[PDB]
Structure formats: structure tokens, C-alpha cells
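Single-letter residue listing:
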Amino acid sequence: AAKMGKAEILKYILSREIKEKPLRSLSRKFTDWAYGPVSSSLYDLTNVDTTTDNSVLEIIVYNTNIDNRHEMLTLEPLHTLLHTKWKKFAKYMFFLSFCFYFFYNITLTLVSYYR
Amino acid sequence: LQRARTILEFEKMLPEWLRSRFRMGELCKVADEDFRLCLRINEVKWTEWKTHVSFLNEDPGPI
Amino acid sequence: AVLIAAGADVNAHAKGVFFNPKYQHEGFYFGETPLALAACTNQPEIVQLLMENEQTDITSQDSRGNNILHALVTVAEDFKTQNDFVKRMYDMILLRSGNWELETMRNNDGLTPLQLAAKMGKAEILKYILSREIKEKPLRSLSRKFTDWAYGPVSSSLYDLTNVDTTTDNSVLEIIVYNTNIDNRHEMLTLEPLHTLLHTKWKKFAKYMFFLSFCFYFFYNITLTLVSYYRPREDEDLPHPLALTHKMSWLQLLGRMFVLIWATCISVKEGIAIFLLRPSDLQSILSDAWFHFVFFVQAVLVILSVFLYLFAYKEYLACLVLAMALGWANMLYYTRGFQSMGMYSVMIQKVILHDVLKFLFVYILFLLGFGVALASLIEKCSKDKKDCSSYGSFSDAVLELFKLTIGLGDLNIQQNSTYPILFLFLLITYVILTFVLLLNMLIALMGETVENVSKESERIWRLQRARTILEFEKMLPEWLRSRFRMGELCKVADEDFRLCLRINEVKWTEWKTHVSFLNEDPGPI
Amino acid sequence: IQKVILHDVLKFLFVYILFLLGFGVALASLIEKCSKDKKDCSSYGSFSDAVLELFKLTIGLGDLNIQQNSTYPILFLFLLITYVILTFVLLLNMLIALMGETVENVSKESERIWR
Ligand SMILES: CCCCCCCC/C=C/CCCCCCCC(=O)O[C@@H](COC(=O)CCCCCCCCCCCCCCC)COP(=O)([O-])OCC[N+](C)(C)C
Ligand SMILES: CCCCCCCC/C=C/CCCCCCCC(=O)O[C@@H](COC(=O)CCCCCCCCCCCCCCC)COP(=O)([O-])OCC[N+](C)(C)C
Ligand SMILES: CCCCCCCC/C=C\CCCCCCCC(=O)O[C@@H](COC(=O)CCCCCCCCCCCCCCC)COP(=O)([O-])OCC[N+](C)(C)C
Ligand SMILES: CCCCCCCC/C=C\CCCCCCCC(=O)O[C@@H](COC(=O)CCCCCCCCCCCCCCC)COP(=O)([O-])OCC[N+](C)(C)C
Ligand SMILES: CCCCCCCC/C=C\CCCCCCCC(=O)O[C@@H](COC(=O)CCCCCCCCCCCCCCC)COP(=O)([O-])OCC[N+](C)(C)C
Ligand SMILES: CCCCCCCC/C=C\CCCCCCCC(=O)O[C@@H](COC(=O)CCCCCCCCCCCCCCC)COP(=O)([O-])OCC[N+](C)(C)C
Ligand SMILES: CCCCCCCC/C=C\CCCCCCCC(=O)O[C@@H](COC(=O)CCCCCCCCCCCCCCC)COP(=O)([O-])OCC[N+](C)(C)C
Ligand SMILES: CCCCCCCC/C=C\CCCCCCCC(=O)O[C@@H](COC(=O)CCCCCCCCCCCCCCC)COP(=O)([O-])OCC[N+](C)(C)C
Ligand SMILES: CCCCCCCC/C=C\CCCCCCCC(=O)O[C@@H](COC(=O)CCCCCCCCCCCCCCC)COP(=O)([O-])OCC[N+](C)(C)C
Ligand SMILES: CCCCCCCC/C=C\CCCCCCCC(=O)O[C@@H](COC(=O)CCCCCCCCCCCCCCC)COP(=O)([O-])OCC[N+](C)(C)C
Ligand SMILES: CCCCCCCC/C=C\CCCCCCCC(=O)O[C@@H](COC(=O)CCCCCCCCCCCCCCC)COP(=O)([O-])OCC[N+](C)(C)C
Ligand SMILES: CCCCCCCC/C=C\CCCCCCCC(=O)O[C@@H](COC(=O)CCCCCCCCCCCCCCC)COP(=O)([O-])OCC[N+](C)(C)C
Ligand code: NA
Ligand code: NA
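Determination of this PDB entry was carried out by cryo-EM to a resolution of 1.98 Å, according to the record.

Below is the structure:
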């Protein structure tokens, strides 16, 4: 479904929640607790995070064939998962890549202007 | 979408011991003899009032 | 119902940390009592069942001092997210209580439920309270809006001004104008008693104090300009004219004395105002205290140039010229006295922040980047003739590319370059990026900005004028505050005298027999 | 033409003249006397002369010489670039965008106004 860009089916599978008791273990979304209007849910990450090969997240980002990649990344477990990777490690590696490339351009400029 | 490609390219050049330090999700028991890694999202809904029946924990705090 | 009949305590307080959460997603605050829980979860039949029991204490307070009405204000949200149940729960509990005990109670911050709604920006609840009108006879004195007379489609109403006008501390009007936290101040000032009240203050005193502030600041800039343009330019005529360092009995000497005195008065007045309203937020520095900052810098540069001449350090002339240029630019503050020019100044502020700053960042990158590459391609000109290239250094190349952008001068492609074809390639690439792409895209992006903010620019202007009105009101003497008095004293109920504001109205669509009124005879009496 | 003059052009001219006359006095009072050996050492030598130079810059005629007879040459260049940003980048481009809003509204009614 991720490979062929079927966004309606993909939304249904990633957030499937079965409240009936004998078939509850077929869910991928679970309610952990609730009180009044407030609740907290858990989303299954088994074959969607990048800990295995050909995961759902990797297939969507690198899929040059389909035309709706930027709509499929709005879906519910994928959006928070990219946010968590940016906050923990990815924002600091991006700043360090900027600093090394800036110092590379400064030095190349100064040795060419002051020949 | 452009920033997402930058994130996954940074993730592949990390050593395997450092991939284990930055770990998305928590190990949870969702059913009898069924342990899955899960991601937590909170929510507030004011429009559909129902009696809550299906839950994993009776006590609703951060535990 | 089975538990209450068997002796369950109807006054218990759930006071744990889950019921008083530090962050929003970790719990659910509702006011800690069983009556408040049933109201906040939209259960109107349990609320009715609880209030009929005579053991239920309807006026109790929780750990932070909130009663039942404070708690409903805290959980309220707008119509798209929550519908209108919270407003309906407020009305049902208030009428059952039957007096003014609940709405005059203060929490641990010292706030009534009316003050708390203004502080938290709850616009739906605030609209309901300010215009509450109860037509049923025994509960009529709980109203804040009264019908004075009516005849056919024409009627005249009175609005209670008790804790909303600025005659007391922490009034509703003052809380809304100075609330830098919320994002909907300019929507809340459209509400019914607040809008006419600002109109009345402008007509009676505030429009005349605004004109007098303009005249004094204009004469201050005229005199500062004339004594700086007409300095004694002679080397032998040393003394600076400002403040009369050599008393010479010259007529019109008082303008040179006016500038030194008036610059001190600005620097004290703006020194106090920046102290009392200090922002912890850069968006509030630009949206409230901008013209406090730039009037203060201008007055300091005038005082600082006086000390530099009296010690003769020659840098006094630089401080004077920066003070003149900033002074005439500061005249744009006074456009907010008109609707047409005031909305135009709102547009200027939005276009600078959304469009102009992004353009300047990319343009300077292209200017400095192409500037070094062209300058390092030019050979030495120490041989026979001088003046063989205008791109001979980095400073010279940047100046030539800047003049090309604004279209001044001439273009010579015959420089002293080692590679003349490569020189022309880089120069044409610069023209395409700036003349064809970036300047034309700036015009198109401004068209999108103008379309969005034109919907809101009238309400943003009225918020700016409202801050000017309340600042003028605080500098009046107490005997003169009594002369300009909003409202009239009216008898709205038996032994109940309130200050009220009158608003007239014509309604052609709902025909009814008029029953509730304060006066049988409908004229101006 | 009548609607654009009244709604857009008159507001532009008021703010432009304030910037023109205000920056004109400040630049002119920074220029030294030219009574010594050579004449014609500055084109900003008076208030009338400085206003003419800033007007020609706006409509793009002539040449630009930053080497005047200023006491403080860096301060002279700072005020001149600030004038360019306020008029060339901000006010002239915003005028085009505001005319687009005026054309959209009055095009609905312009046939009935003509009749
Ligand atoms: C401290 C010196 C500042 C200027 C320095 C220049 C470079 C630094 C630039 C820094 C970034 C600029 C961003 C400014 C954003 C807000 C501007 C603004 O208020 O827009 C207003 C337009 O009228 C103006 O005042 C704008 C004109 C530009 C400033 C004048 C240039 C200086 C002139 C001479 C140069 C001498 C400089 C001498 C000192 C170096 C209208 O806005 P508003 O809708 O009414 O809402 C704000 C008002 N409110 C907050 C009360 C509600
Ligand atoms: C698309 C159009 C827009 C373009 C805009 C950007 C384009 C910028 C264009 C730049 C072209 C000018 C540089 C060429 C070099 C000339 C020589 C020179 O004197 O350089 C000197 C440095 O000069 C400076 O430091 C410049 C000072 C102004 C800085 C930017 C203005 C701030 C605007 C804020 C207002 C914001 C408004 C408020 C916001 C609402 C030193 O070099 P030198 O070799 O030693 O020279 C001899 C020195 N001597 C002269 C004393 C003897
Ligand atoms: C907890 C957060 C940090 C955790 C991870 C940190 C360790 C790193 C993890 C793994 C090691 C890195 C593998 C190879 C590195 C090669 C470097 C290189 O060629 O540049 C690469 C940047 O590469 C970067 O990731 C930027 C940071 C430099 C890493 C240097 C490691 C030492 C740490 C710091 C040393 C002392 C500094 C101390 C600073 C205080 C190329 O950049 P690019 O963006 O990939 O490609 C260009 C853009 N493009 C896509 C358009 C083409
Ligand atoms: C019935 C209607 C009138 C009733 C009230 C009248 C009495 C006054 C009431 C109270 C007294 C005033 C208190 C202090 C005054 C200090 C002056 C000063 O520093 O300038 C202040 C203006 O201040 C003004 O209000 C403008 C009018 C000057 C008041 C002078 C009183 C004598 C009256 C006239 C004398 C003879 C003239 C005769 C004319 C025919 C500063 O202006 P600002 O706007 O506050 O701040 C700058 C803008 N900013 C916010 C961006 C920073
Ligand atoms: C225009 C100059 C061009 C050249 C300037 C160059 C720089 C340009 C810089 C900025 C451009 C803007 C310039 C500022 C304009 C003036 C301020 C103002 O707004 O006045 C306003 C009111 O003020 C009046 O009452 C009108 C003046 C009548 C005389 C009253 C004198 C007061 C003394 C009496 C007491 C004596 C007490 C003293 C002794 C005790 C006019 O606005 P309005 O729209 O008519 O108000 C109605 C608004 N409403 C309909 C929405 C409700
Ligand atoms: C074309 C004939 C041939 C040439 C004739 C040449 C000579 C012509 C002489 C005089 C006519 C000059 C204009 C005066 C009338 C403007 C009307 C207007 O819309 O004002 C508006 C603002 O506009 C201002 O008033 C702001 C200041 C403008 C500067 C002129 C001072 C006004 C007093 C005149 C003294 C003269 C000083 C200037 C001397 C040149 C009114 O403000 P507002 O009501 O709050 O906002 C409107 C929005 N609303 C309608 C929905 C509420
Ligand atoms: C000019 C004189 C020097 C000033 C320098 C420092 C001034 C900076 C101080 C204050 C302005 C910073 C923003 C604070 C308020 C945010 C609101 C906003 O509109 O920002 C916008 C622009 O912001 C950017 O991201 C542009 C990137 C660079 C801006 C700063 C460097 C100036 C570039 C070279 C200039 C030097 C040239 C000098 C020589 C020619 C964010 O983009 P947005 O999405 O459209 O915002 C929508 C609103 N929102 C945030 C709520 C979503
Ligand atoms: C408050 C903050 C706002 C300030 C303004 C805003 C920030 C503006 C940012 C930067 C402005 C200044 C840039 C640094 C260079 C200094 C210039 C210099 O000193 O010239 C000297 C060094 O010149 C060189 O060595 C060659 C150039 C080196 C830097 C390469 C520029 C490309 C950067 C591209 C990306 C940069 C930007 C990226 C996008 C933003 C020599 O030059 P000269 O011609 O031989 O001098 C003759 C006189 N003299 C012989 C007596 C000495
Ligand atoms: C995917 C495709 C995109 C990229 C494609 C390339 C890949 C990039 C990789 C490498 C770059 C290849 C150049 C090698 C470096 C040599 C430079 C050199 O010698 O200067 C040469 C000029 O050079 C130019 O003017 C053109 C350079 C850019 C070519 C790319 C065209 C861009 C498309 C736009 C198409 C229109 C542009 C055509 C404009 C001519 C000649 O030097 P000279 O000054 O003549 O010698 C002195 C004069 N004399 C003869 C009297 C003795
Ligand atoms: C040009 C020659 C000298 C003329 C001077 C006197 C001419 C004045 C005579 C008549 C025009 C005045 C308006 C009367 C009719 C109102 C309709 C209107 O569109 O006005 C608008 C502009 O009005 C302003 O407020 C602009 C502020 C200054 C205008 C007057 C000074 C000119 C500035 C310097 C020029 C001198 C430059 C000379 C040297 C270069 C009001 O804004 P609006 O909200 O968009 O209006 C919508 C319609 N409404 C009112 C129904 C709401
Ligand atoms: C019908 C109404 C429409 C009329 C047109 C529209 C109205 C236009 C408004 C104004 C136009 C005229 C401005 C007044 C100055 C007179 C100029 C002068 O006489 O020069 C003399 C005085 O020059 C000086 O003393 C220095 C400048 C003083 C005023 C400061 C201007 C800043 C105002 C900023 C805000 C103002 C605007 C605010 C926004 C609107 C000397 O100058 P000179 O170079 O040495 O002369 C040489 C020849 N001579 C030696 C033989 C003598
Ligand atoms: C909240 C922050 C906003 C406000 C910040 C400041 C607060 C305002 C409060 C006080 C103003 C501070 C200046 C003190 C007065 C001294 C003036 C002076 O001596 O002239 C100086 C130049 O001066 C300049 O060119 C820059 C002046 C404006 C600086 C503000 C930058 C605006 C942001 C835009 C950033 C880019 C702008 C950078 C452009 C350089 C030097 O004089 P000179 O001509 O060199 O001397 C003769 C030449 N000689 C050396 C050969 C012998
Ligand atoms: Na031109
Ligand atoms: Na030209």
C-alpha cells in the first residue's frame, strides 16, 4: 500500500482500533487510559519505523514514482516519528554540517583573493 | 518532505551502538503474551461523550 | 442516585496531582467537586439532582480558591471545538443560586469570574456576561443589560458599567488592552459596552490631547533642525548655538533652550514606561513597545551630543545628525489618529516583517558572493596607466554591482580581466538572479500579504488607538477625571443604583408585545 | 483612474515626501564648506541640492558618487542605503500590491458608474 501510494487504505491500517473484546489483539492502535475528555493512545511501530529493511517510512520518502508523497507524511504515526528524530539527533547534525561547509568556503575564498 | 530526506540520510551514517541510544518508542504489553514497541500520543476530545470500557490501565496517571 | 440516598458525601474534594496537573496532557482539572465534574462533562441531569439536595454547598472553594463559576471559565473553549454547553451550564447554575454571591467572590489571585474570563481571553463567555438580560420577573435584578423603554421597532437599553470601566483597579477594559499573552485582543474590543466606551473617551478628551502631543513634537523637530543646519560654520566661530553657551542677548533664544529641556522630559518619561511594561517576548517588543523604544533613543542622542561639545570631542555632530533623521521618521506614530492613514501604517509593519527581511537576506548573499569572484579575476594595474578597472578590489566590485541593481551609471564590459568571456558570464548570471527573479518575486509575494491582512487591519488599528486613550487617561488630575465621566446613575431595581451606558437600537424582524421595561413613558425624560 | 488616484496614490505621496525631506536635511548638514581651493567638491552642499539628488536616485537618472565632502563618510553611506531600502524596496513595491486590491473591488461596479 505504501509502494503504490494508496493513501486511504494506508490511513485505515496504521490507526486500526478494535474495541470488541475477542478480536482486540488485531488492533494497531490501543487506548492506554482515559478520563473524561482526555485520553492517551499507543501506536504500533513494528514494520513502520526504520529498525528493519524496507520499512513503511523508508518506502514513502524514497518513492520517486508516485505523486502524493507529501500528503502521505501527514498521517498519524509517521508525523510524530519524524518530529522525534529531529529533536533528539538530527537538528544537531544539521548545524554541524553547516559549520563545516561554511568554514570550507571561507578558507577557499581567502586563499584565492589573497594569492 | 525535503527535511524528511535529510533526517533519514543522517540516520544511516550513525554507528550501531549509537543507534541504540536514540530509540523511538517504548516496550508495552498490549495483549496476553504480546509485547510491542509503541509510540504515545495524547488527545483531548469535547464532542463525543461515551462511557470508557476498553483500556490497558485502570489508573490514568503517568505511572 | 443510589449512592447519594445511602449517605455519599456530596462535598468531597479530589485534590491529587492528576486532578491539578502541571501540564495539560498529564491530567484534567475541573474544580475538584462532584458538582463541578458533572457540569464540565455536560451532564445536566446530574447537576439538577445535586443542587436539589440541601447538603450541597454551591458556594465552596477549591485549593486555588475557585468556585463553580471560576471552574467553568477555566475549561471554556470556542464554538468550533466545544459547541455551546459551558455557557448553558453557567446560566443554569447562576439562576438557581439566585443572588450575586458567586460573581463577586475572588480566587487566590484576587480575580472574580468576570475578571478571569478577560484575563484568559474567553470571548464567548465574556460576550454572554456583559449583555445578560433576564426578562423573568423575580430574577430580573441579576441582569447586566436592561430595557429602559420601547415603542414598536425602536428601543433604548442601559449597560452596567460597575467593574468594566476604569474607575477601579484591574477593570475589564484595562485587563484586555494590556494583555500581551493572548492573541485575540483585537476581537474582544468589538464587544458591545467596550466599543461605545472607547468612542466616548475619544470624543470628550482624548482627541484633543492627541493633537496637542503632535504640535509639541513637531515644534521640537523644527527647532532641532534649524539650529543644526544653521550652525556657525566658521573655524573662528567656535561655539555651538544650542543651550546658549555664551549669553549674547539674542532674540528667539528660547528655542535653543526648549530642545535641551524637552529632550530631558522625553528621556525620563520613556525611561519609566519601558521599566513598567517590560516584555519577555520579541513579538511583543515589536507589537506594543516599539515607539516607546525609538522615542527614547532619539532623546538620548540629543543629550549625549550636548556633553560631547562641552568637552569638545568633535563627535557631537554625528550624534546630532542621527537624532534629526530618526526624529522625522518618528512622525509616523501620529498616523493612528485617523482611520485611513492608521490602517496604512498597519500594512507597512506587516510587509516589512513578512516580505522585506527575507528578500534582503538572499540579496546580500548574491551580492557578496559574486562580488569576490569578479574582483579576484582582475589583474594588477601598477603598470603604465592608472584607472584601468573599476572592479579592482572587493569594496569596488560590491559598489559596482549595487549601482547596477538600482540602475545608475554606465556599464563597461572592458575591464582588466584575464578571462573576458568568463567575466561576462558571471555578470549576466547576477542580472538574471536579481533583476529578473528576486525583485519581481518580491512584488508577487507582497500581493499575497496585502490580501490576508486587509481583513484584520481595521481591528488592529483600533487596538493601537485604545492603548493611546488609556495612557492619556492616567495622566489627568483627579479633579479633572470627575469632569469627564462616562455613564449616568440609574435605578435598575428596588434599592439598586448603578452607573449605566445608554445605547439605542432599531429592530424590524422580531415583533413582540413589550412587557419588561423601566419606564412607561418612552420619550427622552 | 479616478479610484486609483484617491485610494492609493495620495497615501503614497504623503509618506514619500516625509522621507525625502527628512533624509535630505540630515545629509546636507553633514557636508563641510567648499570655500577652499577647488569649487564643485560636493553635490550635497545645501538642502535644495540634496533633495534634487535623492529625487534623481528614485527615478534612476544620472550617476552615484559616494565620495562627497562629508566629515563622516561611513555615516553618510549608512543614511543613503537606509533611504534606498525605504523607497526602492518598500514603498514603490507596496504601491503596486495595493493597486491590485483596488482594481479587484471597483471592477464589479465600474460599468454602472460609467452609465
Ligand atoms: C532604534 C533605531 C531603529 C531604526 C534604525 C534603522 C535600522 C534598524 C532596523 C531594524 C529592523 C526594522 C524593523 C521595524 C519593525 C517595526 C517598524 C514599525 O513600527 O512600522 C511602522 C512604520 O513606520 C516606521 O516607523 C518604520 C520605518 C522604518 C524605521 C525608520 C528607519 C530609520 C530612519 C532614520 C535612520 C536613523 C537611525 C538611528 C539609529 C541607528 C508602523 O508600524 P505599526 O503598524 O504602527 O505598529 C507598530 C507600532 N506599535 C508598536 C506602537 C503598535
Ligand atoms: C535591492 C536594493 C537593496 C540593497 C540593500 C543592501 C545592499 C548594501 C549595499 C552596499 C554597497 C556599499 C558598499 C561598497 C563599499 C564602498 C566603500 C566603503 O566606504 O566601504 C566601507 C564600509 O562601508 C560600510 O560599512 C557600509 C555601511 C552600510 C551597511 C548597510 C546599511 C544598513 C541598512 C540598515 C537600514 C534598514 C532600513 C530599516 C528597515 C525598515 C569600508 O570600505 P573601504 O575600502 O575601507 O572604504 C574606504 C573607507 N572610507 C570611505 C571611510 C575612507
Ligand atoms: C547527539 C547529536 C550528535 C550525534 C552525532 C555526531 C557524530 C556524527 C555521527 C557519525 C560520524 C559522521 C560520519 C562521516 C562524517 C564525514 C563528514 C563530512 O563529510 O561532512 C558531512 C556532514 O556530516 C555530518 O554528519 C556533520 C557532522 C560531522 C560529523 C563528524 C563526527 C565527529 C563529531 C564532531 C567533531 C568535533 C566537533 C565538535 C562540536 C561541538 C557532509 O554533510 P551532508 O549534509 O551529509 O551532505 C552535504 C549536503 N547535501 C546532501 C546536499 C549533499
Ligand atoms: C479638554 C481637553 C484637554 C484636557 C487635558 C489638557 C491638559 C493636559 C492634562 C494633564 C497634564 C499633562 C501631564 C504632563 C505633560 C508633559 C508634556 C509632555 O512631556 O509631552 C507628552 C504629551 O502630553 C500631552 O498630554 C499633550 C498635551 C500637553 C499637556 C500640557 C498641559 C497644559 C495644557 C496645554 C498648555 C498650553 C497649550 C494651549 C493650547 C490651546 C508626551 O506625549 P505622549 O503622547 O504622551 O508620548 C509620546 C508618544 N509615545 C507614546 C510613542 C512615546
Ligand atoms: C496634518 C498635518 C500635516 C503636516 C504634518 C507633517 C507630519 C505628519 C505626521 C503625521 C500625520 C498626522 C498628523 C496628526 C493630526 C493631528 C492629530 C489628530 O489626529 O487630531 C484628531 C482630533 O484632533 C482635533 O480635535 C482636531 C484639531 C482641532 C483643534 C483642537 C485643539 C485642541 C485644544 C482644545 C483643548 C485645549 C486645552 C489646552 C489648554 C488647557 C483629528 O482626527 P479625527 O479623524 O478628526 O477624529 C475623529 C475620529 N473618529 C471620527 C473616528 C471618532
Ligand atoms: C483636489 C482639489 C484640488 C487641489 C486642492 C489643494 C488644496 C487642498 C486643501 C486641503 C485638502 C487636503 C486633505 C483634507 C481633507 C482629507 C479628507 C480625508 O479623507 O481625511 C481623512 C484622513 O486624512 C487626513 O486628514 C490626514 C491628514 C492629511 C493632511 C492634510 C491635513 C487635513 C486638514 C486640511 C488642511 C490643509 C493642509 C494640507 C494642504 C494641501 C479623515 O480621517 P478619518 O475620518 O479618520 O479616516 C477616513 C475613513 N472613514 C471615512 C471611513 C472614516
Ligand atoms: C533591517 C536592518 C537590520 C535588521 C537585522 C535583524 C532584524 C531581525 C529582528 C526581528 C525580525 C525577526 C522575526 C521576529 C518576528 C517574527 C515575525 C516575522 O514576520 O518574521 C518572518 C521573517 O523572519 C525570517 O525568518 C527572515 C530571515 C532573516 C531575518 C533576520 C535577518 C535579516 C536579514 C538581513 C537584514 C539586514 C540588512 C541590513 C543591511 C541592508 C518569519 O517568516 P514568516 O513565516 O513570514 O512569519 C509569519 C509570522 N509568524 C512567525 C508568526 C509565523
Ligand atoms: C549587525 C550585523 C549586520 C551587518 C551587515 C549585514 C551582514 C553582512 C555580512 C558580511 C559583510 C562583511 C563581509 C566580510 C568581509 C569584510 C570586508 C573587508 O574587510 O574587506 C577586506 C577583506 O576582504 C576580503 O578578504 C575578501 C572578502 C572576504 C569575505 C568573503 C565574502 C563572501 C561572503 C558571502 C556570504 C556573506 C553573507 C551571507 C548572507 C547574509 C579587504 O577588502 P578591500 O576591498 O581590499 O578594502 C580596501 C581598503 N583597505 C585596503 C584599506 C583595507
Ligand atoms: C548539467 C549542465 C549544467 C552545467 C554545464 C557545465 C558543467 C559544469 C562543470 C564545469 C564547467 C565547465 C567550464 C570549465 C572551466 C573553464 C573556464 C574557462 O576557461 O573560461 C571559458 C569561458 O567559460 C564560460 O564562459 C562558460 C562556463 C560555464 C559553462 C556552463 C554553461 C551553463 C549553461 C548556460 C548556457 C550558456 C552559457 C555559455 C557562455 C559561454 C573561456 O575562457 P576565455 O575568457 O574565453 O579565455 C580568454 C579569452 N580569449 C579566448 C580571447 C583568449
Ligand atoms: C496632488 C497635488 C496636491 C493635492 C493636495 C490636496 C489633495 C486632497 C484633496 C482631496 C483628497 C482627500 C480625500 C477626499 C475624498 C475621500 C476619498 C479618498 O479616497 O481619500 C482617501 C485618501 O485620503 C487620505 O487620507 C490620504 C492622506 C493625505 C491626502 C491629502 C494630502 C495629499 C498628500 C501629498 C500630496 C501633495 C503632493 C504635491 C507635490 C508632489 C482616504 O483613504 P481611503 O480609506 O482609502 O478612502 C476610501 C473612501 N472613503 C473615504 C469613503 C472611506
Ligand atoms: C499647497 C501645499 C503643497 C506644497 C508642497 C507640499 C508640501 C511640502 C512641505 C514642505 C516643503 C518646504 C519645506 C520647508 C523648508 C523651506 C525650504 C527653504 O526655503 O530652504 C531654505 C531653508 O532651508 C532650511 O532651513 C532647512 C530645511 C528646513 C525644514 C526642514 C525640512 C524637513 C521636514 C520634514 C517633514 C516635512 C513634510 C512632512 C510630510 C508631508 C534654505 O535652503 P537652501 O538650499 O540653502 O536655498 C538656497 C537658495 N538661497 C540661498 C537663495 C535661499
Ligand atoms: C535595537 C538595535 C537597533 C539599534 C542599534 C544601535 C542603537 C542606536 C543608538 C545609538 C547609535 C550608535 C552610534 C553612535 C553615534 C556615532 C556615529 C559615528 O561616529 O559614525 C560611525 C559610523 O556609524 C554608522 O555607520 C552606524 C550607525 C548606526 C548603528 C546602528 C546599526 C543599525 C542596524 C543595521 C546593521 C548594519 C549597520 C552597520 C553600518 C556601519 C563612524 O564614523 P566614521 O564615518 O567611520 O568616521 C570617519 C571615518 N574615518 C574612520 C576614516 C575616520
Ligand atoms: Na533606470
Ligand atoms: Na537608469
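Colleague: Please explain the overall build of chain A as it appears in this structure.
Modeller: From N to C terminus, chain A includes four helices and two strands. In terms of overall size, chain A is more extended than a compact globule, its C-alpha atoms giving a radius of gyration of 21 Å where 115 residues would be expected to give roughly 13 Å. Across its three principal axes, chain A shows a C-alpha extent of roughly 80 × 35 × 25 Å. Split into buried and exposed, the 115 residues of chain A put 40% on the buried side. Within chain A, contacts between residues at least 6 apart in sequence are counted, and of these 35% link residues at least 24 apart. Summing over all exposed atoms, chain A offers an accessible surface of approximately 7200 Å²; the carbon and sulfur share of this is 60%. In chain A, the 15 positive side-chain charges and the 11 negative ones have mean positions that sit 5 Å from each other.

Colleague: Got a minute to help me understand the nonpolar core in this structure?
Modeller: Inside soluble globular proteins, nonpolar side chains tend to come together where they are buried. Judged by nonpolar contacts, the single largest core of 98 residues is most densely connected at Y344 of chain C together with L80 and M94 of chain D. Counting residues per element, this core draws most heavily on helix 3 (residues 73-106) of chain D, at 13 residues. Excluding its chain neighbours within four sequence positions, the residues that come into contact with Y344 of chain C are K11, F12, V15, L91, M94 and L98 of chain D. Grouped together as the second largest cluster of nonpolar side chains are 57 residues, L50, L126, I176 and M486 of chain C included.

Colleague: How do you make sense of the pairing of strand 1 (residues 26-31) of chain B when you look at a structure like this?
Modeller: Side-chain positions along a regular strand alternate between the two faces of the sheet. As defined by bridge partners, strand 1 of chain B adjoins strand 2 (residues 34-44) of chain B across five bridges and the pair is classed as antiparallel. In the sheet register, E26 of chain B faces strand 2 of chain B, and the bridge partner there is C38 of chain B.

Colleague: Help me out: how do you make sense of the coordination of the sodium ion (ligand 14) in this one?
Modeller: Around a metal, the idealised angle for a tetrahedral arrangement of four donor atoms is 109.5 degrees; for an octahedral arrangement of six donor atoms it is 90 or 180 degrees. Summarising the metal site, the sodium ion (ligand 14) is bound by the protein donors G407 of chain C (O) and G60 of chain D (O), whose distances to it range over 2.5 Å. Between the sodium ion (ligand 14) and the sodium ion (ligand 13), the interatomic distance is 2.4 Å. In this pair, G407 of chain C sits in the loop between helix 17 (394-405) and helix 18 (420-453) while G60 of chain D sits in the loop between helix 2 (47-58) and helix 3, so the two residues belong to two different chains. Residue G407 of chain C is classed as partly exposed on the basis of its relative accessible area of 44%.

Colleague: Would you explain the site of ligand 9 in this entry?
Modeller: All names here are of chain C. In the vicinity of ligand 9, the contacting residues are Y419, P420, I421, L422 and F425. In this structure, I421 approaches ligand 9 through a main-chain N or O atom, which is 3.2 Å from an oxygen atom. When its residues are assigned to classes, the shell around ligand 9 shows five nonpolar, no polar and no charged.

Colleague: Is there a simple way to think about the interface of chain B and chain C in this case?
Modeller: How large an interface is tends to be reported as the accessible area lost when its parts come together. Contacts between chain B and chain C engage seven residues on the former and 11 residues on the latter. Between chain B and chain C, the buried area comes to about 730 Å², and carbon and sulfur atoms account for 71% of it. When the buried surface of chain B facing chain C is broken down by residue, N42, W46 and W49 of chain B rank first, second and third, together holding 70% of it. Applying the counting criterion to the chain B and chain C interface returns zero salt bridges. Counting the contacts that link chain B with chain C gives zero residue pairs in polar contact. For the side of chain B that touches chain C, a count of residues per class yields four nonpolar, three polar and no charged.

Colleague: Even after reading the chapter, I still don't get the UniProt feature "intramembrane region" in chain C, so can you show me in this structure?
Modeller: Per the UniProt record, "intramembrane region" is found at residues 390-415 of chain C. Split by type, residues 390-415 of chain C is 46% helix and 0% strand. Its first and last C-alpha atoms lie 7 Å apart.

Colleague: Looking at this structure, how should I read the state of the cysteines?
Modeller: Where two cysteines share a covalent bond between their sulfur atoms, that bond is called a disulfide. Residue and element names in this part refer to chain C. Scanning the entire structure with this criterion turns up two disulfides over all chains. Between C381 and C388 runs a disulfide, and the two sulfur atoms are separated by 2.0 Å. According to the relative accessible area criterion, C381 is partly exposed, its value standing at 26%.

Colleague: Would you mind going over the interface of chain B and chain A with me for this structure?
Modeller: In this complex, chain B contributes 42 residues to the contact, which on the side of chain A involves 43 residues. It is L1, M24 and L39 of chain B in chain B that bury the most area against chain A; as a group they hold 17% of the surface buried on that side. Scanning the region where chain B abuts chain A turns up three salt bridges. The closest approach of N and O atoms between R23 of chain B and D49 of chain A, which form a salt bridge, is 3.9 Å. Counting every contact that joins chain B to chain A gives 16 residue pairs in polar contact. The set of elements that each furnish at least two residues to the side of chain B that touches chain A consists of helix 1 (2-12), strand 1 and strand 2 of chain B. For the side of chain B that touches chain A, the leading source of residues is helix 1 of chain B, giving 10 residues.

Colleague: What should I look at first to understand the site of ligand 11 in this one?
Modeller: Every residue near ligand 11 is listed here: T225, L226, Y229, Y230 and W328 of chain C together with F14, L18, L21, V25, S46, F47 and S48 of chain D. Around ligand 11 the close residues trace back to chains C and D. Contact between ligand 11 and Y229 of chain C: an oxygen atom at 3.3 Å from a side-chain N or O atom of the residue. Measuring from an oxygen atom of ligand 11, one finds a backbone N or O atom of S48 of chain D at 2.9 Å. Here ligand 11 loses 43% of its free accessible area of 1200 Å² to cover by the protein chains. Elements with a minimum of two residues in the shell around ligand 11: helix 11 (192-229) of chain C together with helix 1 (2-28) and helix 2 of chain D. The element contributing the most residues to the shell around ligand 11 is helix 1 of chain D, with four residues. In terms of residue class, the shell around ligand 11 is built from nine nonpolar, three polar and no charged.

Rules and cut-offs
Residues numbered from 1 in each chain as written, not as in the entry; some residues may be left out. Chains lettered and ligands numbered in written order. Part of a larger assembly, values for the part shown. Heavy atoms only, no water. Helix = DSSP H or I, 4+ residues; strand = E, 2+ residues; numbered from the N terminus. Rg over C-alpha atoms; globule rule 2.2 N^0.38 Å. Buried < 20%, exposed > 50% of the residue type's maximum accessible area, 1.4 Å probe, protein only. Contact = heavy atoms within 4.5 Å. Areas by Shrake-Rupley, 256 points an atom, 1.4 Å probe, with all protein chains shown as cover. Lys, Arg positive; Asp, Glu negative; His and termini not counted. Charge placed at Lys NZ, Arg CZ, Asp CG, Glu CD. Core = buried A, V, L, I, M, F, W, Y, C linked by side-chain atoms within 4.5 Å. Pairing = 2+ DSSP bridges. Donors = N, O, S within 2.8 Å, 3.2 Å for Na, K, Ca; no water. Near = heavy atom within 4 Å. Polar contact = N/O pair within 3.5 Å; in protein donor to acceptor, adjacent residues only side chain to side chain. Nonpolar A, V, L, I, M, F, W, Y, C, P; charged D, E, K, R; others polar. Buried area = accessible area lost by both parts, 1.4 Å probe. Salt bridge = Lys/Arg side-chain N within 4 Å of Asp/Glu carboxyl O. UniProt positions renumbered as here; feature names shortened; annotations may be inferred. Disulfide = S-S within 2.5 Å.

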